[PDB]
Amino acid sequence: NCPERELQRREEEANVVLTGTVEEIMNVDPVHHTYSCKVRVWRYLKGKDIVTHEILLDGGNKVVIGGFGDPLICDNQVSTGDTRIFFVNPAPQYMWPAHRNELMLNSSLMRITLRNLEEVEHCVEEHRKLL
């Protein structure tokens, strides 16, 4: 078993949460031993406004996500054609230019099922109620 933070904590530590399809595996980051992929976004579950103002989208619905293969994350691998729920954050400036204009994976990838979609949306809405 691989220890994973509670859903509550994960939603809290990820400013952007989206669903999408892996279209292409891109380059490797030899320093952190991770890789990036081009992902066609379907819908945002959180942080859509953050992506709109800080990321230059390709073709209007495609983004690059990096950090796959990270040892700190339990479910961290993908192949072309995979569909998942991604918990990510825009890459900080100190990770530029290697990860410039990329969203970085923050916690385990989740499969696309209505149960997962419902639970994640609820956790996002609850955290928003404290507002």
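Note that residue numbering follows the sequence shown and begins at 1.
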- Mean C-alpha B-factor comparison - 24-32 and 60-68, higher one: 24-32
- Note on the structure: Looking only at C-alpha temperature factors in the entry, 6-14 or 106-114, the higher average sits in 6-14
- Determine, from the deposited record, the chain-internal third of the Cα B-factor for residue 53: lowest, middle or highest. highest
- Task: Comparing against every modelled residue in the chain, figure out the third that the C-alpha B-factor of residue 96 lands in (lowest, middle or highest).
- Result: highest
